[PDB]
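Visitor:
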Amino acid sequence: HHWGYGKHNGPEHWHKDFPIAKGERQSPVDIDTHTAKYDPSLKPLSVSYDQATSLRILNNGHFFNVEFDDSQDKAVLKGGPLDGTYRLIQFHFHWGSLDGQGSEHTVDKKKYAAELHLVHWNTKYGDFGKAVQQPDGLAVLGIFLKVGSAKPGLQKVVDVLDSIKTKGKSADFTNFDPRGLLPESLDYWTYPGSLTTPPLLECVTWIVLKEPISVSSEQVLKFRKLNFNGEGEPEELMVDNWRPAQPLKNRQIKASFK
Ligand SMILES: [Zn+2]
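Using this note's numbering, read the sequence shown as starting at 238 and increasing by one per residue.
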C-alpha cells in the first residue's frame, strides 16, 4: 500500500513505485570526512530567519512538519554553495527507536539520535512544486541531534506533540523561532542529492552542518510517542522513520572548513 518505514513498505521497497530510488544522486549518504574536499571558494552561509512566520504543525503519518509562510522572502537561506534566495517552507525530523540510530546522514559511519531538515526552495521558480522539478530547486539544511543536555528552543515543539499524536492531525503553531534550533557554528559539508522520501526527486543541494545540537533524553522520548497510524487504528509508534545511506557514485562532498 502507501510507502512507509515498515518491513513491507520500507525504504527497500520504494524502488518499485519510485524507480528514481536507484538513481545517481540519491540521499542520504555517509560523509567520509577524510575524503571530503575542503573547498576554499565556498562562501559562508547566510541564514535570515529573523522575520520567519510559522503557521502550523502536522502529523503526516511519516513524521511531523512545522510549516512556514513562504509567500514573501521572510525566512531565507543564501550564500554557501547556493545561487539565489531560498525560502524556508518547512522543517521536520527523522529519529530512531534508540539513541544510537535516527539520523539519515552519517559521519564516518557514525549515526546520531535524530536529524533535522530545514527545507527551502529557490525563489527563481515561483513555487515549491516547480522547484522540485529542477536540479538546483531545493536547499535542505541538515542538523544532527545528539542526546545530552536540553535544547530550550525545541521545547515549544515537544510541548505540542500530544495534540498531533496520530496521522492527519495538525495544530496551530504560530510564533516559533527556528533560530533556536541552530548550533553556534555554521561550518558544513555540501553535496548534490535528493529528497530522502518519495518521490525522491534529485533536486536537492544538501548542506549538512558539522556541529550537532544536543537534546535531552526526555525531549527525544516524546518524539517516540507519535503514531504512524490514524486515529482509532491500531497503534504503531513513530520510530525509525529514517532512510539508510545510499551509494555516493559520481559525487564529491565538499567542506567549508579544514
Ligand atoms: Zn527529511
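Think of the CB as a built atom: it goes at the ideal place given N, C-alpha and C, for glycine as much as any other residue.
Run the proximity test for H354: is its beta-carbon closer than 7 angstroms to any non-hydrogen atom belonging to ligand 1?
Guide: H354: yes, Cβ under 7 angstroms from ligand 1.
Visitor: Determine, using beta carbons only, whether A351 and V266 come nearer to each other than 8 angstroms.
Guide: Their beta carbons are not under 8 angstroms apart, which means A351 does not touch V266 by this criterion.
Visitor: Check each candidate in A387, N466 and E421 and name the one with the smallest Cα separation from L446.
Guide: Checking every option, the nearest Cα to that of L446 belongs to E421.
Visitor: Does DSSP put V394 in a helix, in a strand, or in coil?
Guide: Here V394 sits in helix by DSSP.
Visitor: CA-CA distance, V284 and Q309?
Guide: Spanning the two alpha carbons is a distance of roughly 15 angstroms.
Visitor: Which stretch, first to last residue, makes up the alpha helix (DSSP H) that contains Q456?
Guide: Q456 -> alpha helix (DSSP H) spans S454 to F460.
Visitor: Please classify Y349: is it buried, with 16 or more other beta-carbons within 10 angstroms of its beta-carbon, or exposed?
Guide: Buried, because 16 or more other Cβ atoms sit within 10 Å of the Cβ of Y349.
Visitor: Looking only at C-alpha atoms, which of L463, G430 and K367 sits nearest to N478?
Guide: The candidate whose alpha carbon is nearest that of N478 is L463.
Visitor: Look up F365 in the DSSP assignment and say whether it is helix, strand or coil.
Guide: Here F365 sits in helix by DSSP.
Visitor: Tell me the rounded alpha-carbon separation between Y362 and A368.
Guide: So the two alpha carbons sit approximately 5 angstroms from each other.
Visitor: Let's see if you can read the secondary structure: which residues bound the beta strand (DSSP E) around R293?
Guide: Note, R293: beta strand (DSSP E), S291 to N296.
Visitor: Reducing DSSP to helix, strand and coil, say where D254 ends up.
Guide: Reduced to three states, the DSSP call for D254 is coil.
Visitor: For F410, tell me which candidate among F328, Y242, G243 and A258 has the shortest Cα-Cα distance.
Guide: Residue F328 is the option with its Cα nearest to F410.
Visitor: Evaluate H271 with the Cβ neighbour count: other Cβ atoms within 10 Å of its Cβ, from every protein chain shown; 16 or more gives buried, anything less gives exposed.
Guide: Label assigned to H271: exposed.
Visitor: Can we count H239 as close to ligand 1, meaning its CB is less than 7 angstroms from some heavy atom?
Guide: No, since every heavy atom of ligand 1 falls outside the 7 angstroms radius drawn around the Cβ of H239.
Visitor: With a 10 Å radius around its C-beta and 16 neighbouring C-beta atoms as the bar for buried, classify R488 as buried or exposed.
Guide: Exposed, by the Cβ-count rule.
Visitor: Mark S454 as exposed unless 16 or more other C-beta atoms lie within 10 angstroms of its C-beta, in which case mark it buried.
Guide: The residue in question, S454, is exposed, as its Cβ has fewer than 16 Cβ neighbours within 10 Å.
Visitor: For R324, count the other beta carbons within 10 Å of its own beta carbon; 16 or more makes it buried, fewer makes it exposed. Which is it?
Guide: So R324 ends up on the buried side.
Visitor: Extract the residue ranges of the alpha helix (DSSP H) inside the segment 429–483, only unbroken runs of 4 or more that lie entirely within it.
Guide: Runs of the alpha helix (DSSP H) inside the segment 429–483: 454–460.
Visitor: Take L437 and list the residues in its own chain whose beta-carbon comes closer than 8 angstroms to its own, dropping the five residues that flank it on each side.
Guide: Result list for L437: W251, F255, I257, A258, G260, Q263 and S431, in chain order.
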